């Protein structure tokens, strides 16, 4: 699905506030309230727009220890089953199959280093395909934002 500058204008608007009214964007882009409705709806079926949701701040919820963990597996064919075990875990918010040293690269979000220690040892490291982990503790997270379409 290709994308007008009308589509981009809508996305910028609704990416900053989901509740900015379609009738205000019509006035703004010089189109009808109705095309705006339809543009948005095409982008939903395209899979571009995935939902409207409140954004939350994990830190102000007391997640003081976020980290990335590189997982090294005992053998590389083990990725699909390792992944299946990891995904059952709520502390794992992201996971990637990347270049470089690691088989899997994941983010886990934890409340304390005591919590992180319990997850590593008892939830992640017990996963039988896993030979080693290397976790990179976030001490500061100054930039967090979005693609600017």
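Numbering follows the first chain given and starts at 1.
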Avg C-alpha B-factor, entry values, 35-43 vs 111-119, higher side is 35-43
Of 59-67 and 91-99, the one with larger mean CA B-factor: 59-67
Largest Cα B-factor, entry values, listed residues 82, 124, 26, 106: 26
Please place residue 128 in the lowest, middle or highest third of its chain by C-alpha B factor as given in the entry. middle
Against its chain's modelled residues, does residue 2's Cα B factor rank lowest, middle or highest third? highest
